[PDB]
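Below, in structure tokens: the form solved without the ligand, a single chain.
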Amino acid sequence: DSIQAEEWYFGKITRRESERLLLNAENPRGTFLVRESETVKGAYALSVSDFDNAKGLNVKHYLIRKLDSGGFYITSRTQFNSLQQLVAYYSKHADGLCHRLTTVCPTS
């Protein structure tokens, strides 16, 4: 219910720590977590593992903007009522991300 109950929500971890977790060679492409943004107060970040044609294993970080009127988005064109709904949506199809969300980042 609250975001804090979701196994993909890691809260106030650093971008560096998210990378350490996501760059595990065992994680399938599109392994992910959501964290608080370090750069934009009150925003979130969706951190996603990828295999880049030139850089190999890498992590992409997408800013999730938060509306004071309610709602969340990576793009203002595609808005959600919750982080849970955004996660569900990007889990179905990439729709602009590097890859669809496939696997909740194994803990640590």
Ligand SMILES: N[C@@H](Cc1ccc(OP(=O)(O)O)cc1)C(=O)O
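One-based numbering along the sequence shown.
Same protein, other form: the form solved in complex with the ligand, not shown, and the subject of what follows.
For the chain shown alone, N81 is not a contact residue for the ligand in the bound PDB entry, no non-hydrogen atom being within 4.5 angstroms. Among residues of the shown chain, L57 is not one whose heavy atoms approach the ligand to within 4.5 Å in the bound PDB entry.
Looking at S69, you'd find every heavy atom of it more than 4.5 angstroms from the ligand in the bound PDB entry. Interface membership of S37, defined by any non-hydrogen atom within 4.5 Å of the ligand in the bound PDB entry, is confirmed. Along 53-77, these residues reach a heavy atom to within 4.5 Å of the ligand in the bound PDB entry: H61, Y62, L63.
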